[PDB]
Amino acid sequence: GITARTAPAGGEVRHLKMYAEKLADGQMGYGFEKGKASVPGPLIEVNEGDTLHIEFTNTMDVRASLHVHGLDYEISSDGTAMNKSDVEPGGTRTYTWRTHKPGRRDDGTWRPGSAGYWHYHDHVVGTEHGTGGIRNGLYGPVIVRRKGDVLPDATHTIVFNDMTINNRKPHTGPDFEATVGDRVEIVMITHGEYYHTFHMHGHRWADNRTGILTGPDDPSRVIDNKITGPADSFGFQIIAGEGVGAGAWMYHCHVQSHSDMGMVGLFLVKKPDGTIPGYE
Amino acid sequence: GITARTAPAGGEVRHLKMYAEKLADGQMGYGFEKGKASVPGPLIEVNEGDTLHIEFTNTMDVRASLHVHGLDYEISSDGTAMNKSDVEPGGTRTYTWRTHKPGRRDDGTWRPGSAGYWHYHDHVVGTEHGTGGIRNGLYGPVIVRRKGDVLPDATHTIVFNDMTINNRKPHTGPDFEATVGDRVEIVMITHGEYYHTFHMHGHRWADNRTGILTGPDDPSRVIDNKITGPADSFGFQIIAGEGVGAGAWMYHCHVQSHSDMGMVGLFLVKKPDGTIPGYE
Amino acid sequence: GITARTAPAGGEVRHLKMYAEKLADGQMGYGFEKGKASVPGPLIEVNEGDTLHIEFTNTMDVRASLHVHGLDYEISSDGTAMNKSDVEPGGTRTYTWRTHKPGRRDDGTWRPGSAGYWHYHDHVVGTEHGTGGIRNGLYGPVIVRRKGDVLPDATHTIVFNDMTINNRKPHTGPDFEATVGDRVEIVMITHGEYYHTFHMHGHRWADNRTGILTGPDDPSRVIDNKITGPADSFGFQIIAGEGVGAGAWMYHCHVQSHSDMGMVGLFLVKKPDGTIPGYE
Ligand SMILES: [Cu+2]
Ligand SMILES: [Cu+2]
Ligand SMILES: [Cu+2]
Ligand SMILES: [Cu+2]
Ligand SMILES: [Cu+2]
Ligand SMILES: [Cu+2]
Ligand SMILES: [Cu+2]
Ligand SMILES: [Cu+2]
Ligand SMILES: [Cu+2]
Ligand SMILES: [Cu+2]
Ligand SMILES: [Cu+2]
Ligand SMILES: [Cu+2]
């Protein structure tokens, strides 16, 4: 990018609060604020090098925790019962996540950076693998940017959790809206028991770290369909309606009974006047 | 390549006819000609930049459609009931598929080309996700070449559709024949309910866009076994018998009960005299 | 690497003996020595260009064979009943595996090398696809090094075989030990009926051939979770505790009922004094 906005260098030390709470309908969610928990939990986005101190508070009546993929954490912040890293009811604990930039090691080899599309979830509700917590909605996305990564206009999180999208009832979305030409980022995560295949009409991306081709030398497959299983995460960016125009573009699990049973949503791409060809 | 044949630049405007018909045994297939429908449907192969206008005719007594992966289409050619893009019985509709070359966008980023191994299928028979159409045989392969892509001697399509290969009865192939040294292209597609793993004896390929390593810098895994789920597509080329000689080489799903129940075929690689060591 | 040990050029002609035997508890395993069979079978590791002649002896009362992924073999060493390549009870057969370096073909294209993480298993016990042999433990890892590949301090093999890790009873590991800073290689293989997702706490790797990023230009996704199905194999290296320190780090299938039912182990990373923070 040379006109798109790109990520700066980290790393700052950042602090934030998270809460786990039971929702009125029986679900459980994370939130940055007591009373404003969501499923998925809020996006946490940092730059390679950042350190994040999370003051986590379990407001529920059962033990709960916070476990992250991909990022550096000491065993103190594992989020597991086994290393006494979870949180008693009403309790409070400070988790620490660090991230690093890539570079040469002394042995001459190349250390990978932390950058990528990751996620966090509970590891102790219902079972010692968080099966109950995850089923109830205790998951959320984490993005770590490499210096110079292209930044989007908007980021959406899509989570295939067992037979639901974002724990929603069958055939109730979510739907997302964009205007032709928007740079839209998708963070796609899978949880539970089943494998799925994520499919998007009218759009495609690269099957690599960023979902974007670096330039003509990148041999990564360009795809519009990807098989995923529990705790897989990936992400990409697309230009809404690029080459295809406005429309009510479906995304869905392409497993046939899954889409049939409601794992379907809409990517609503609008003309500037806000209209969508052949929609309602 | 510098002696293998390679793809030219597109794009021309191309026209063709497709038909959907019910087959005598209950299946449904696509064809370029009325009376000559097949499962899989015919290969459609174009060059990046080409535009294809498909005059599609539903000869069946139920609504049917044509939905493509990967290629650019306006929402008019979605192939879905939702955007009134399917076709009434006996009806005729012109779908339009476009393809583009990669290149710089104004923001300085890199737009991916359309090139790759794709497929088309019905989206409205039986359910609004084409579950019935796909089960009955309404699928086929699409290949889009990048300028300079290596062209094969022959292309074969292998479709894992639920528990069948190409809708065939258990243990009935298909089998494919080559002579030692042939450049054979495989287009491999999955449909239905189940995940599979595609495996080939005696041959391997690169897990990237083309299935071929560009040269020594490509870090892609070289494989002979790949997990696939519904609506996944990939493709590759191999040199028949390279380093291994002639033989009756099995390919199969490596899921153990699947191969046991008949998801097996033969890649028959022959010496010039047409004989195969230790075969029949 | 420029201080890590790296692989030399092959290829030598190497000979070895393998045996298949029934174990006292009903399982079946491979071994380099009669009486010392294991599940997984012993690691076989060679350099690109090597040739390996394996004098294989079936010590069991049923026919059995040796089938390899990835490596060059003539149809004589297919390991299948179909090409009369298996071994009668008490019988002995010499299998031959070859490997090649990458390079230009005459047509100007690039031939892939044999290098990668592969495996071997039976193809005739119980069924003609070795379903019984594989279930009983007749599998093992094969590594083929490219010249200049980084060599590890230790290699561990993790095999998801149906609902077991390395055919072990639920919740019995295996556990592996390292000291902070060790270069640990993992060879991960899946067998049987089911898909799994392999997950490691505190560590991540590159999703390419070697599991290592070549340098800053490699766009491969960096991951800590990977979906695998029957007969998939991959491998990687990590630095034990890099950025995270010592600890009892879990690895497990992330399919929720699988981890719940016991597909869990420990990567025990120790301080030099041998202690592990918050472990026992
Ligand atoms: Cu875990
Ligand atoms: Cu699904
Ligand atoms: Cu589609
Ligand atoms: Cu997890
Ligand atoms: Cu669709
Ligand atoms: Cu299968
Ligand atoms: Cu094989
Ligand atoms: Cu589709
Ligand atoms: Cu086989
Ligand atoms: Cu599993
Ligand atoms: Cu984890
Ligand atoms: Cu195999």
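Draft legend 1. Just the overall build of chain A, in detail. Helices and strands together make up the secondary structure of chain A, namely two helices and 21 strands. A compact globule built from 280 residues should have a C-alpha radius of gyration of about 19 Å, and chain A, at 19 Å, falls within 12% of that. A principal-axis box enclosing the C-alpha atoms of chain A has dimensions of 55 × 50 × 30 Å. In chain A, the share of contacts with a sequence separation of at least 24, taken over all contacts with a separation of at least 6, comes to 71%. Accessible surface for chain A amounts to roughly 9,900 Å². Of this, 48% is attributable to carbon and sulfur atoms.

Draft legend 2. Examining the interface of chain B and chain A more closely. Facing 50 residues of chain B, the contacting portion of chain A comprises 45 residues. Buried surface at the junction of chain B and chain A, both sides included, amounts to about 3,600 Å², of which 54% is carbon and sulfur. The largest share of the area that chain B buries against chain A comes from B:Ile75, B:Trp110 and B:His129, three residues that together contribute 17% of it. Among the salt bridges present, the one from B:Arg111 reaches A:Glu242, with a minimum N-O distance of 3.9 Å. Across the contact surface, chain B and chain A share 29 residue pairs in polar contact. Only β8 (110-111), β9 (116-121), α1 (131-136), β18 (225-228) and β19 (233-239) of chain B provide two or more residues apiece to the side of chain B that touches chain A.

Draft legend 3. Representation of the relation of the copies chain B and chain A in the model. Between chain B and chain A, the superposition needs a rotation of 120° and an axial shift of 0.0 Å, giving an RMSD of 0.0 Å. What we have between these two chains is a three-fold relation.

Draft legend 4. A look at the pattern of salt bridges. Applying the stated criterion across every chain, the model contains 51 salt bridges over all chains. Here C:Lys226 makes a salt bridge to C:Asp207, at a shortest N to O gap of 2.9 Å. Of this pair, C:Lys226 sits in strand β18 (residues 225-228) while C:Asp207 sits in the loop between β16 (205-206) and β17 (222-223), and the two are 19 residues apart along the sequence. When its relative accessible area of 25% is taken as the criterion, C:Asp207 is described as partly exposed. Here the salt bridges share partners, and the residues they tie into one network are A:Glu45, A:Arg145 and A:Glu185.

Draft legend 5. Quick look at the pairing of strand β1 (residues 13-22) of chain A. All names here are of chain A. Pairing between β1 and strand β4 (residues 51-58): eight bridges, direction parallel. Its bridge partner being in β4, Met 18 is matched across the sheet by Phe 56. Bridge count between β1 and strand β2 (residues 28-31): four bridges; the pairing is antiparallel. Note on β2: the bridge partner recorded for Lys 22 is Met 28. Hairpin geometry of β1 and β2 is characterised by an intervening segment of five residues between the two adjacent antiparallel strands and by a positive phi of about 110° at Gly 26.

Draft legend 6. Examining the coordination of the copper ion (ligand 10) more closely. Residues and elements named next belong to chain C. Of the protein atoms, only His 196 (ND1), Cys 253 (SG) and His 258 (ND1) coordinate the copper ion (ligand 10), at distances of 1.9 to 2.1 Å. Taken in sequence order, the residues that donate to the copper ion (ligand 10) follow the motif H-x56-C-x4-H. Remark: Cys 253 occurs in strand β20 (residues 247-253) and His 196 occurs in strand β15 (residues 196-200); sequence separation between them is 57 residues. For the residue pair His 196 and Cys 253, the accessibility class agrees, reading buried in each case.

Draft legend 7. Local environment of the sheet that holds strand β14 (residues 183-191) of chain B. Residues and elements named next belong to chain B. Taken in spatial order, the four strands line up as β12-β11-β14-β19 in an open sheet, and their pairing is mixed. One side of each edge strand has no neighbouring strand; the edge strands of this open sheet are β12 (164-165) and β19. The pairing of strand β11 (residues 154-161) with β14 spans eight bridges and is parallel. Opposite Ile 158, over in β14, you have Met 188 as the bridge partner.

Draft legend 8. Main features of the interface of chain C and chain B. Of the residues lining the interface, 50 residues belong to chain C; the matching set on chain B comes to 45 residues. Contact between chain C and chain B buries roughly 3,600 Å² in total, counting both sides, with carbon and sulfur atoms accounting for 55%. By the criterion of area lost to chain B, the three top residues of chain C are C:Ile75, C:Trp110 and C:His129, representing 17% of everything that side buries. Linking chain C with chain B are five salt bridges, by the criterion used here. The partner of B:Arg204 in a salt bridge is C:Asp72, with the nearest N and O atoms 2.9 Å apart. At the boundary of chain C with chain B, the tally comes to 29 residue pairs in polar contact. Of all the secondary structure elements, the ones that give two or more residues to the side of chain C that touches chain B are β8 (110-111), β9 (116-121), α1 (131-136), β18 and β19 (233-239) of chain C. The greatest single-element share of the side of chain C that touches chain B, amounting to three residues, is contributed by β18(C).

Draft legend 9. Spotlight on the relation of the copies chain C and chain B. Superposing chain C onto chain B takes a rotation of 120° plus a shift of 0.0 Å along the axis, which leaves an RMSD of 0.0 Å. Little of the interface of chain C is mirrored in chain B, where only 10% of its interface residues again form contacts.

Draft legend 10. Structural view of the coordination of the copper ion (ligand 1). For the copper ion (ligand 1), the full set of protein donor atoms is A:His123 (NE2), C:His201 (NE2) and C:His252 (NE2), and the range of their distances to it is 2.1 to 2.3 Å. Between the copper ion (ligand 1) and the copper ion (ligand 4) there is a metal-metal distance of 5.3 Å. With A:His123 in the loop between β9 (116-121) and α1 (131-136) and C:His201 in the loop between β15 and β16, this pair bridges two chains. As far as the burial class goes, A:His123 and C:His201 line up, both buried.

Draft legend 11. Layout of the nonpolar core. Counting residues in each nonpolar core, the largest one holds 153 residues, and the members touching the most others are A:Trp97, A:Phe198, B:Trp97, B:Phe198, C:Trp97 and C:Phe198. When neighbours within four sequence positions are excluded, A:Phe198 is seen to be in contact with A:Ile158, A:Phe160, A:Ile186, A:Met188, A:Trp205, A:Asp224, A:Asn225, A:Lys226, A:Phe234, A:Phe236, A:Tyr251 and A:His252.

Draft legend 12. Quick peek at the domain arrangement of chain A. Residue and element names in this part refer to chain A. Each assigned domain of chain A is listed here: domain 1 (1-149) and domain 2 (150-280). For domain 1 versus domain 2, the distance between C-alpha centres works out to 23 Å. Of the roughly 2,000 Å² buried between domain 1 and domain 2, counting both surfaces, carbon and sulfur atoms make up 56%. The largest contributions to the domain 1 side of the interface with domain 2 come from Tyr 117, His 119 and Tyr 139, which together make up 33% of the buried area. If you look at where domain 1 meets domain 2, you find three salt bridges. One salt bridge connects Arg 209 with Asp 149, and the closest N-O pair in it is separated by 3.1 Å.

Draft legend 13. Representation of the pairing of strand β21 (residues 264-270) of chain C in the model. All names here are of chain C. Among the seven residues of β21, seven are classified as buried, and the element is accordingly described as predominantly covered. Neither face of β21 is open: one carries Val 264, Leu 266, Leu 268 and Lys 270, the other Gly 265, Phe 267 and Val 269, and all of them are buried. Where strand β13 (residues 175-179) and β21 come together, five bridges link them in parallel fashion. Bridging from a neighbouring strand, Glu 177 pairs with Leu 268 of β21.

Draft legend 14. Expanded view of the sheet that holds strand β5 (residues 67-68) of chain C. All names here are of chain C. Across the sheet, which stays open at both edges, the four strands sit in the order β3-β10-β9-β5 with mixed pairing between neighbours. For this open sheet the edge positions go to β3 (44-47) and β5, each flanked by a neighbour on one side alone. As paired elements, β3 and strand β10 (residues 139-145) share four bridges and run parallel to each other. Looking at β10, one finds that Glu 45 is bridged to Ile 143.

Draft legend 15. Layout of the packing of aromatic side chains. Following the criterion strictly, the structure yields 45 aromatic pairs over all chains and no others. For the pair B:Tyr30 and B:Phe56, a centre-to-centre distance of 6.2 Å together with 55° between the ring planes defines the contact as tilted. A residue pair is termed long-range when its members are at least 10 positions apart, and B:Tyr30 in strand β2 (residues 28-31) and B:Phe56 in strand β4 (residues 51-58) qualify at 26 residues. Accessibility assignment for this pair places B:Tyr30 and B:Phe56 in one class, buried. Taken together, a centroid distance of 6.1 Å and an interplanar angle of 40° make the contact between B:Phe176 and B:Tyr251 tilted. One end of the pair, B:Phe176, is in strand β13 (residues 175-179); the other, B:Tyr251, is in strand β20 (residues 247-253), with 75 residues separating them in the sequence. Owing to a relative accessible area of 2%, B:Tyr251 belongs among the buried residues under this scheme. Three or more aromatic residues joined by ring pairs make a cluster, and in this case those are A:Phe160, A:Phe176, A:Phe198, A:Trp205, A:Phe234, A:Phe236 and A:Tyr251. The ring of A:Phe234 carries A:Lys226 above its face, with NZ or CZ at 5.3 Å from the centroid.

Quick notes on the rules
Residues numbered from 1 in each chain as written, not as in the entry; some residues may be left out. Chains lettered and ligands numbered in written order. Heavy atoms only, no water. Helix = DSSP H or I, 4+ residues; strand = E, 2+ residues; numbered from the N terminus. Rg over C-alpha atoms; globule rule 2.2 N^0.38 Å. Contact = heavy atoms within 4.5 Å. Areas by Shrake-Rupley, 256 points an atom, 1.4 Å probe, with all protein chains shown as cover. Buried area = accessible area lost by both parts, 1.4 Å probe. Salt bridge = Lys/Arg side-chain N within 4 Å of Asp/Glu carboxyl O. Polar contact = N/O pair within 3.5 Å; in protein donor to acceptor, adjacent residues only side chain to side chain. Least-squares fit on C-alpha atoms. Buried < 20%, exposed > 50% of the residue type's maximum accessible area, 1.4 Å probe, protein only. Pairing = 2+ DSSP bridges. Donors = N, O, S within 2.8 Å, 3.2 Å for Na, K, Ca; no water. Core = buried A, V, L, I, M, F, W, Y, C linked by side-chain atoms within 4.5 Å. Domains from an automatic or database assignment. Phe/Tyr/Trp six-rings, centres within 6.5 Å; stacked < 30°, edge-to-face > 60°. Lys NZ or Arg CZ within 6 Å of the ring centre and 35° of its normal.

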